[PDB]
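Cβ coordinates were reconstructed from backbone atoms using ideal geometry, including for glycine residues, and neighbour counts include every protein chain displayed. FYI, it's all coordinate maths here, none of it is from the lab.
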Ligand SMILES: *[C@@H]1O[C@H](CO)[C@@H](O[C@@H]2O[C@H](CO)[C@@H](O[C@@H]3O[C@H](CO[C@H]4O[C@H](CO[C@H]5O[C@H](CO)[C@@H](O)[C@H](O)[C@@H]5O[C@H]5O[C@H](CO)[C@@H](O)[C@H](O)[C@@H]5O)[C@@H](O)[C@H](O[C@H]5O[C@H](CO)[C@@H](O)[C@H](O)[C@@H]5O[C@H]5O[C@H](CO)[C@@H](O)[C@H](O)[C@@H]5O)[C@@H]4O)[C@@H](O)[C@H](O[C@H]4O[C@H](CO)[C@@H](O)[C@H](O)[C@@H]4O[C@H]4O[C@H](CO)[C@@H](O)[C@H](O)[C@@H]4O[C@H]4O[C@H](CO)[C@@H](O)[C@H](O)[C@@H]4O)[C@@H]3O)[C@H](O)[C@H]2NC(C)=O)[C@H](O)[C@H]1NC(C)=O
Ligand SMILES: *[C@@H]1O[C@H](CO)[C@@H](O[C@@H]2O[C@H](CO)[C@@H](O[C@@H]3O[C@H](CO[C@H]4O[C@H](CO)[C@@H](O)[C@H](O[C@H]5O[C@H](CO)[C@@H](O)[C@H](O)[C@@H]5O[C@H]5O[C@H](CO)[C@@H](O)[C@H](O)[C@@H]5O)[C@@H]4O)[C@@H](O)[C@H](O[C@H]4O[C@H](CO)[C@@H](O)[C@H](O)[C@@H]4O)[C@@H]3O)[C@H](O)[C@H]2NC(C)=O)[C@H](O)[C@H]1NC(C)=O
Ligand SMILES: *[C@@H]1O[C@H](CO)[C@@H](O)[C@H](O)[C@H]1NC(C)=O
């Protein structure tokens, strides 16, 4: 019921690679852009990745620039993130979130400058240790 | 690059009274601000977007305000449920945006 679930994560030593998965339940996965966000223990959150609804655009923060790769598949309704070359500063909990704005309209008659709502539904997040 | 700083990151306040939080930006961000609230063991919800707009199904004690680079968020009659951690998020370069650091309110 308008929920996301997360899979992956655990204990892992540096110099390796993981792949986390986020499965969507009911709403849709072909009309919305998704986010990957993380939070380190003792700190606040930080946006790490954004992906479009059709995959026409992908953005990452510079902290995980290069060694990270985001993707999705709508028919299976799941968003995957591959993280290689881990660093001992990437020990944190990760969530996936949805955009409270439709994707195809977001630039034509649905413009984000006027009618953007932030992020309606969140996940629960899995922990990763380096 | 734009980064915002919330203060104080810790404010212990008794239930029942009014309290206002502030979040100022490095450079002027406009009106592209969102107020997130996170409770442990519970998904986070959006409180205010457009830097002053109460989202639907939100009680009528939360009220945002301010523009430019000095934004504020006020609660009127803080009760038991209002104990969480709050963040100010910006999207001046949508879809890419940065967060704040947070503010965890407590009881005296
Ligand atoms: C101009 O301008 C203007 C201004 O600016 C504008 O307007 C705007 O618009 C927009 C657009 O449209 C809008 O928005 C919309 O809305 C709608 C509504 O609905 C609903 O709502 C509410 C709720 O809300 C909540 O949620 C949401 C989501 O869901 C969000 O968004 C919001 O914000 C909120 O949030 C929240 O949530 C949660 C909690 O809960 C959390 O988590 C978060 O964070 C937050 O907090 C509700 O309440 C409502 O209800 C109401 O109403 C109705 C009618 O309508 C009724 O019936 C009821 O009863 C109620 O009532 C009440 O109120 C009224 C008023 O209103 C009064 O009167 C009475 O008395 C009472 O009081 C409703 O129900 C919505 O819907 C939407 O959303 C959607 O979409 C989107 C996109 O767009 C997305 O994102 C989302 O998610 C959703 O989605 C959905 O849908 C779609 C389509 O259909 C699909 O696709 C999907 O998938 C989904 O579906 C799914 O899910 C669901 C769920 O349940 C289900 O159902 C289904 O089935 C599936 O499953 C949107 O939001 C707005 O509002 C407006 N504003 C004003 C001020 O108005 C315009 O537009 C312009 N124009 C031009 C031309 O430009
Ligand atoms: C009524 O209905 C009408 C009908 O459509 C609506 O009309 C719309 O009005 C808005 C605003 O007036 C128009 O938006 C303007 O778009 C232009 C062009 O943008 C395109 O071309 C540029 C190249 O010049 C691309 O770079 C743009 O792509 C960027 O942005 C999109 C989303 O905006 C994003 O998906 C891309 O990935 C890319 O983002 C990257 O670059 C941006 C910087 O552009 C960066 O910030 C971000 O982080 C990414 O790195 C896009 O393909 C744009 O030039 C305009 O202004 C922009 O530049 C000025 C410069 O000063 C900035 O101040 C401003 O903030 C913007 O950044 C507007 O964005 C829209 O096109 C138009 N629709 C149509 C179909 O014409 C009305 O809005 C409706 N009115 C009401 C009241 O509802
Ligand atoms: C409105 O947008 C213009 C465009 O740059 C900006 O200069 C001005 O400060 C903005 N004002 C408000 C109140 O958002």
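A few points about this structure:
- Counting only residues that are in contact with a strand residue (DSSP E or B) (Cβ under 7 Å, 6 or more places away or on another chain) and loosely packed, with under 12 Cβ neighbours inside 10 Å, region B:27-59 holds 1 of them.
- Test: residue in region A:93-102 that is in contact with a helix residue (DSSP H, G or I) (Cβ under 7 Å, 6 or more places away or on another chain) and either within 30 Å of residue B:50 (Cβ to Cβ) or within 13 Å of another protein chain (Cβ to nearest Cβ) (or both): yes
- Out of A:54, A:62, one residue alone is without any contact (Cβ under 8 Å) to a residue 12 or more places away in the chain and farther than 19 Å from residue A:128 by Cα. It is A:62.
- Enumeration of residues in region B:57-73 that are assigned to a loop (DSSP other than H, G, I, E, B) and away from every other protein chain (no Cβ under 14 Å): B:59, B:60, B:61, B:69
- Inside region B:89-108, residues that are more than 16 Å from ligand 3 (Cβ to nearest atom), under 15 Å from residue B:6 (Cα atoms) and assigned to a strand (DSSP E or B) make up a count of 4.
- Qualifying residue in region B:48-56 (condition: in a loop (DSSP other than H, G, I, E, B), more than 26 Å from residue A:115 (Cβ to Cβ), more than 16 Å from ligand 2 (Cβ to nearest atom) and out of contact with any helix residue (DSSP H, G or I) (no Cβ under 6 Å at 6 or more places or on another chain)): no
- Looking only at region A:52-88, and only at residues there that are under 15 Å from residue B:98 (Cβ atoms) and in contact with a strand residue (DSSP E or B) (Cβ under 9 Å, 6 or more places away or on another chain), the one that is farthest from the other protein chains (Cβ to nearest Cβ): A:64
- In region B:1-31, the residue that is farthest from the chain's Cα centre (by Cα) out of those that are at the interface with chain A (Cβ under 10 Å from one of its Cβ atoms) and more than 17 Å from residue A:46 (Cα to Cα) is B:30.
- The listed residues are A:97, A:49, and the only one of them that is under 21 Å from residue B:99 (Cβ atoms), in contact with a strand residue (DSSP E or B) (Cβ under 6 Å, 6 or more places away or on another chain) and away from ligand 1 (no atom under 16 Å from the Cβ) turns out to be A:49.
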